[PDB]
């Protein structure tokens, strides 16, 4: 008990109804149990704590990041908790719902133009960190992001399955989760297939993105992901709805996708123990209408 100690050690919960019934088990790592409601609390904690250890920041300082989803909420929370001033940059095209989740933790929101977009904010955010007016977290290139999953998430999944896990499935955003977990799994003796997932070409899945072969985050090791699968937006959205109704698991669209991918992996592997990451709870998705 200190909000920090409530980060991680999330439940791992078996699917009881969905999926093939061919010997294969599919377990869900409920990252929505994190204080601020997503897997991001892990990387936000790690990045900040490790920066503190390196003398880079002290409670009074300002932190900076370009983002507007779970990362923003996570950082804003950790900032509120440890006493930092968060500054989050994003395009001026957001629901008052997303903005309010970040604002509630006291984070200052710097809007950018619809036209400089997400790419603009990463650039502006970089400019400010030169200037000395705050520490940039740089979630796509900061080793401490995947170090959080190497250190905690992976060991937890390994401990919670007694080493029986055979496949791991993660929807890829920054890729910290899959990188960090794969890294850990490679250190074990028995093998573990690592399956990443991204949206189909046309698809839009709020946590994640289709990465072109050059723009890849600097954290990513392509050799740590055994296999990459595409997820149609519609299958992720259906699987998400289904999860709530048939399993009691109320999660976001990426998580729907992760279970969809995990199910495809189970259909193709009889005695598998697949572990999928459920990134967040469904709560912050309700106003977008994707339930219905």
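Numbering follows the first chain given and starts at 1.
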item: Mean Cα B-factor comparison, 210-218 or 166-174, giving the higher one as deposited; value: 210-218
item: Residue range whose averaged C-alpha B-factor is higher in the record, 31-39 or 55-63; value: 55-63
item: Maximum C-alpha temperature factor, selected from 125, 148, 74, 81; value: 125
item: Out of 142, 179, 153, 116, residue topping the C-alpha B-factor column of the entry; value: 116
item: Chain thirds of CA B-factor: placement of residue 266; value: highest
item: Chain third (lowest, middle, highest) by recorded CA B-factor, residue given as residue 290; value: highest
item: Record-listed C-alpha B factor of residue 12: chain third; value: lowest
item: Third of the chain's Cα B-factor distribution that residue 255 belongs to, per the entry; value: lowest
item: B-factor third for the C-alpha atom of residue 70 within its chain; value: lowest
